[PDB]
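Student: just coords:
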C-alpha cells in the first residue's frame, strides 16, 4: 500500500513516521518490604500510534488497516521481548490477551482505560468509511491482525489453543477464541499474575531464605495476603560435574521400527515435518526414528515429568542416546556409523537447544516438557556472566554434549579408540540443521547416483552398433535422474524441483543474513563468530559459499558421487524429455545432469564431432539457424517467421544478418590455438556459406521485385550508416579506406580473418643502424623498440625516395642481434609511435616535476613553491600547445563546494572498457559519465593513513553531492516536472550511489583508466601490512558497511551527501517544490549485482525509448516522404544496436544465475538471482516506478504486424536518395 509509507505484507515498520509508540516503562503485585484503577492489568498498552487518528488519509480504509496492523505488530514485539515467563505457552497467552485487548479497543464496546480522546478518533474513521459495523470490521480483519501481531513471536513458541507452533501464527484459523467480555478476561489475567508472582517470590526465597538464614519471606507473604484480601474486598464492582556447574557458552570458529521414507511435506497429523520448512527440505529416515518415548516403545518404567534435578535430566538423556546407539548397530564404523552417530548427536543437540526444524507429534510434548524443566530448575541464571532461556539451553547442551556422545558411542558398540577418545566430540552440531539435512540428502542422492552410474562408466568409457553396452545403461541413468516420480531421495517430485526448492531456501537464508546489519560475524568474545544461524551464514558469505552448489562442493567428500569427476560447481544444461512435457532448457549442477559428466554426445554411440565440440565450447558462436524460387531465409534460432510479405520479411532478416555478421567479424578481428582456430575456421565456413546464400537471395529479390539498388550499393549505404551511427550527424579518406567507392568488402574481411588465423597458428647505413643502436644504449634501457622502428622507418623513407622492403626489414634482425651480442661481450609506425613516445616522455617528465614541486611546498604555501608551480604551469602550457596539434594530426590520420567538471546527454552506450570471459556486458551511459575528476587530486597526495581515509571520505561526499545534483538537474531540465520525473531521477541517483559503492568496494566491471588508477591506489591505501587480495578486499569493505565513525557509517553518510546535493538542486530551480518521499527514506537495502542493475537500467531505457518511438510512428505514418521517413529511420537505426546488446546480455546472463563467488566469472556474488532466463527475471518490470524495490516499469510491448510494408518501402527509397547523394559526396574530390 502506497501511503509517509513504502510498499508490507509480512512485517511493517512504513506508516510510523507520523506518531511513534512512545508516550513509558515496558511492563514485565509490586514487591513490598516488610486510585481505583486496579481493574486494568499491569500492561496499560502501542496505543499512541493508533491515538489521534486524524491524518488526512482517512477516506480509505486501507490506511486504517495499515495503522492498526502497525500498532498490533509493535505491541506483539514489545510483549515478546518483554514478558519474563520463560514459558512459551504463557507468552502465547499474553499475546492472545493483548490481541483481545486491541480487539476491544477497535470494537470500542467495553473501552475502559485510564486513553483520553480515542473513541472520537475511531468514530471519525468509522463514519468516513460509512457500532455493529465496527464488530463486522473486526470479525473481517481478525485473521490479518492475528497474522501481524504474532510476527515477532519466537520460532519455538507453543500455543495451547484449548478454545500450535509460534503462538499459533500458522493455523489458518485466527487458534484461541477470545470473544469473552474483558471483565472476566482481566480477572483471569489478574489471578494468573498473582499466581505467577507467588511462584516468582518462591523462586526468589529459594536462593534467599536458604542462603540468608526466613522471617522476612513470611512477612512478605503476609503482606501479599492482605493485598489480595484488599483487592477482593472491592470485587459491588462485579455487577458493573555431570551438570551445569561449569556453564560453557561455546563460540563458533570455522575456516575454509516401521516404514520410513524422506518426508518433505508440512508437519502432518502424526508423521514428519515444520510449516515453514515444508516442501523445501526432506527429513532423513534416521532423523524420524530417534529413540522422549524411549522409556522402556512407550512408557512403563518411570514417568518423564519427575525431573527434580538436572542430574536426572542428564541420566534420561544419556539413556535415550545409548538406546539410539543400538538402533544403528548393523569398515562401516569409519564412514557410515561415524557419520550416522554424528548426525544423530547433532539432532539431539538441535532439539534440546530449541533449533529443530522437524516435528514428529512427540516433539511438541518434548519441547513443552523441556521448557517446563528448564524453568523449574534454573532460575538464578535467567553483571552478565552468570545470568543469561535459549542461551541457558545452549550452555547446558554445550556443558553436557560430551556425555551424550560417549553414551551413544557405548550404545553403538563404538567403545573407544575410534572415529582415549581424543577430540572425539563432533563439531557438526554447530552448523544449522538445514545444512546438515541438505548434506545428508545430497550424499544419499549421490549414493543412489553412483550405484546407477557405475555400470555406465564401466561400460562405454572407450568412447569418452551398441546393443546394451552403453545405449541401455545410460537410458536407465536418465530414467533415474529424469522421472516425475523421483525416487527414494524425494517424496513424489523430480530431483530438479527438489534442488530448486533447496536453492530457494538457501538463498533466503543468505539474503536474510546479509540484510541484518547487526554485528553478526567478527565479534571477539580471535574472530569467534557467535553460535547463531545469522552469524554462520554471514561467515559463509564472507567465505563466498553463497549457494548450495559451492557449499556442497566444499563440504562433501571426494569421489563419492561417481567414477567420472562430476563437480558440484560446473553447471550443465540439458533439454528434458519427460514430464519432470514442453521442451524447457534446464541448467543444473553436474551430478543432477541428464547424462554422466563428460558423456554428452558420447552415450548415444557417436564420435564427438568437431562441430559439436565447437557448439558446446561456448565460444565463436554465430546464432543463425539457416533454415533454407523461394527465398533461402537465414532465420534466427530464437524467433521464427510469423511488395509481398515474403520479400519484406527477407529484407528485414537480411539487414539484421548483415549488421550482426559485420559486428561479429569486427569483434573477432579485435579478439591451444589448434582447436581455437578449428572452431574459428568452422565459423568462417558457416559465415561464408551464409554470405553465399544471402547473395543468391538478394539476386532473387532483385529479379523478383523489378528498381532496387544493387547489392554493392546497399552495402555501401550500410557502411556509411554504421560510420555515421560514432560520428553522429579526415572522414573522407577514412571512409574511402574502410569501404569502397564508385560487395567485395566481405571478401576482403573473410580473407583478413583467414590470414589472421594463419598468423596466429604460425606464431654504411646497414652499419649505421647498429651504430645508432649502440649510441642509444650508451645514452642510458626502457622502450627501445620505438627508437629502432622510428630510426629504421626514417632511414627507409630517405633511401626509397612490395616484399623487397619486407625482406630488407626481416634480414636486418641479425644485425641487431649481433650488436646485442657484442654489447653483451663488453596501429601504424609513422605518427602513432611518435605519439606514444611523446606521451611516455610527458608522463616521465610530469612524474619528475611532481616530486620537484612537492619538495618545498608541503593553508596556502608561498615562497619556493610558487616558483615551482609557475614553472610547472609553463611546462603544461607548452606541452598542451603541441598536444593540440598531435591530437588533430592523429584524428586526421584516423579517428577510430564548487569544482571544475562538466555536466552531456549521451543516449548511445556500448562495451569499451571491461576487465574481462566478460562477454555481453554494456556499461550504461549514466555510469559511463560518472564524475571522478575530483577523486584524482585527493589520492594523488599519496600522506597519512588516517588523513588519507578522512580526505577520501570527504572527496566521496563531494563527488556524491555533485553527481546527485547533476543527475537531478539533467532529468528535470526538460519540460516534464511531474512525479514521474521525480521517480526517474530518484532511481538514477540510487543507481549512481550503488555504482560509487561498487567502485569503493572494488566490484565494478569497468576497467578504464579512471577506475584503474582508483583501485590501484585504494589497494595500496587499504593494505594492513599484508598483501592478501581477500584480506584487502574485505578491509576496503568493512570500512564501508561496518565503520561506524549518532553512529553514521560511510554508507548512510554518502547517502546523506547525495540527499544534500538533491536538496541543493531543489532549492535553486511550481512555486515551492517539496522533498520527494523516496529521497528521504534514509534506508538502503542490499545492492543488486552490477550486471543486474545495468540490465534493469537497459530494460527501462529501452522500454521508454520504444514507447516514445512507436507512438511517434503511429502519428506520422499510418495515414509523406520527408516526415514518415524520419520516424522510420529513427526506429530502425536504434533497434539493431539494442538487438545486439540484448543478445549479448542474454548470453551473459545464461551463465550467471545460480552461481557463487567461486564458480562464477569475475568472482561476483550473483547468487540472489535465480530466474531461469533473462525474460523470466525481467518479468518480475510489471508495475510503475516506486522507490527502490521497483525500478523498471515496462508495459505494452507486444499489445507489430502493421507499419512494416510502408516502413520498408520508404527505407528502400531512403537508400536510393542517399546513394544519389554520391554526386556531391565521392564523385567530386
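Tutor: Noted; the coordinates are in hand. Numbers count the residues shown, from 1 in each chain.
Student: make it CA atoms for all contacts and neighbour counts henceforth
Tutor: Will do.
Student: which helices and strands does the longest helix along the chain pack with?
Tutor: In the chain, taking DSSP state H as the definition, the longest helix is helix 673-705. Contacts defined by 3 or more C-alpha pairs under 8 Å, 6 or more residues apart in numbering; DSSP states H and E place helix 673-705 against helix 610-615, helix 645-670, helix 744-762.
Student: which among those helices is found nearest to residue 504?
Tutor: helix 610-615 (30.9 Å; C-alpha to C-alpha).
Student: what's next to that closest one, contact-wise?
Tutor: Residues outside helix 610-615 that contact it (C-alpha atoms under 8 Å, 6 or more residues apart in numbering) are 620-621, 678-679, 682.
Student: quick one: distance of it to the chain centre.
Tutor: Here the centre of helix 610-615 is set off from its chain's centre by 33 Å, with C-alpha atoms, centre = their mean, to the nearest Å.
Student: how about stretch 573-589?
Tutor: Centroid separation for stretch 573-589 versus its chain: 25 Å, with C-alpha atoms, centre = their mean.
Student: swap in stretch 1094-1102?
Tutor: Here stretch 1094-1102 is found 17 Å from its chain centre; the criterion is C-alpha atoms, centre = their mean.
Student: who touches stretch 640-654?
Tutor: Residues outside stretch 640-654 that contact it (C-alpha under 8 Å, 6+ apart): 631, 633-635, 694, 701, 705, 1204-1205, 1208.
Student: among the helices and strands packed on helix 673-705, which is the most enclosed?
Tutor: Most buried of the helices and strands packed on helix 673-705 by mean neighbour count (mean count of other C-alpha atoms under 10 Å) is helix 645-670; its value is a mean of 16.
Student: re the thing from before, of the contacts of helix 610-615, select the buried ones using a ChimeraX command.
Tutor: Per 16 or more other C-alpha atoms under 10 Å, the buried members of the contacts of helix 610-615 correspond to this ChimeraX selection:
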select :620,679
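Student: what's the farthest-apart pair in the contacts of helix 610-615?
Tutor: Farthest pair in those, by C-alpha to C-alpha: 621 and 678, 12.9 Å.
Student: so for the longest helix of the chain, what gets flagged as buried?
Tutor: Buried residues in helix 673-705, counted by 16+ other C-alpha under 10 Å: 676-677, 679-681, 683-684, 687, 690-691, 693-694, 697-698, 700-702.
Student: state the distance from residue 220 to residue 198.
Tutor: Going from residue 220 to residue 198 by C-alpha to C-alpha, to the nearest Å gives 10 Å.
Student: same thing with residue 510?
Tutor: Distance from residue 510 to residue 198, by C-alpha to C-alpha: 45 Å.
Student: again with residue 1141
Tutor: Residue 1141 sits 74 Å away from residue 198, going by C-alpha to C-alpha.
Student: repeat for residue 141
Tutor: Plainly put, residue 141 is 38 Å away from residue 198 if you go by C-alpha to C-alpha.
Student: residue ranges for the strands of the chain, please.
Tutor: With strands called from DSSP state E, the chain shows them at 571-575, 585-589.
Student: and the ones you listed as a markdown table, adding distance to residue 640 and mean neighbour count?
Tutor: Converted to a markdown table, those look like this (distance: least, C-alpha to C-alpha, whole Å; neighbours: other C-alpha atoms under 10 Å):
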| stretch | distance to residue 640 | mean neighbour count |
| --- | --- | --- |
| strand 571-575 | 19 | 16 |
| strand 585-589 | 18 | 18 |
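Student: please name whichever of those strands is nearest to residue 805.
Tutor: Across the strands of the chain, residue 805 has its closest neighbour in strand 571-575 (53.2 Å, C-alpha to C-alpha).
Student: list the contacts of that closest one.
Tutor: By C-alpha under 8 Å, 6+ apart, the surrounding residues in contact with strand 571-575 are 583-590, 593-594.
Student: between strand 585-589 and that strand, find me the angle.
Tutor: Counting by axes from the mean of the first three to the mean of the last three C-alpha atoms, to 10 degrees, strand 571-575 lies at 150 degrees to strand 585-589.
Student: let the chain start at 39 from now.
Tutor: New numbering, starting at 39: the last item is strand 609-613.
Student: in its sheet, what does strand 609-613 sit against?
Tutor: strand 623-627 (antiparallel) (DSSP bridges).
Student: higher neighbour count, residue 1179 and residue 236?
Tutor: Comparing residue 1179 with residue 236 by neighbour count (other C-alpha atoms under 10 Å), the higher total belongs to residue 1179, at 19 against 15.
Student: if I look at residue 371, how far off is residue 995?
Tutor: Residue 371 is 62 Å from residue 995, by C-alpha to C-alpha.
Student: how is the protein divided into domains?
Tutor: For the chain, automatic domain parsing gives the domain ranges 39-278, 282-466, 475-646, 683-798, 806-864, 872-931, 963-1121, 1131-1236.
Student: thinking again about what came up before, quick one: the strands of the chain as a markdown table, columns for distance to residue 202 too.
Tutor: Converted to a markdown table, the strands of the chain look like this (distance: least, C-alpha to C-alpha, whole Å):
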| stretch | distance to residue 202 |
| --- | --- |
| strand 609-613 | 41 |
| strand 623-627 | 38 |
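Student: picking that back up, for residue 930, state which of the contacts of helix 648-653 is nearest.
Tutor: Nearest to residue 930 among the contacts of helix 648-653, with distances taken as C-alpha to C-alpha, is residue 658, at 34.4 Å.
Student: what sits against that closest one?
Tutor: Contacts for residue 658 (C-alpha under 8 Å, 6+ apart) come out as 652, 717-718, 721.
Student: give me that answer again for 10 Å
Tutor: 652, 702, 706, 714-715, 717-722 (C-alpha atoms under 10 Å, 6 or more residues apart in numbering).
Student: next: residue 1064.
Tutor: Residues in contact with residue 1064 (C-alpha under 10 Å, 6+ apart) are residue 1070.
Student: apply 7 Å and report the result again.
Tutor: Listed by C-alpha atoms under 7 Å, 6 or more residues apart in numbering, residue 1064 has no contact partners.
Student: can you check residue 211 too?
Tutor: For residue 211, counting by C-alpha under 7 Å, 6+ apart, there are no contacting residues.
Student: number of nearby residues for residue 63?
Tutor: Residue 63: 7 neighbours (other C-alpha under 10 Å).
Student: gap between it and residue 1216?
Tutor: With C-alpha to C-alpha as the criterion, residue 63 and residue 1216 are 48 Å apart.
Student: likewise residue 304?
Tutor: As judged by C-alpha to C-alpha, residue 304 and residue 1216 stand 32 Å apart.
Student: check residue 66 too.
Tutor: 49 Å.
Student: of those two, give the one with the bigger neighbour count.
Tutor: Neighbour comparison, residue 66 and residue 1216: the larger count goes to residue 1216, with 16 against 12 (by other C-alpha under 10 Å).
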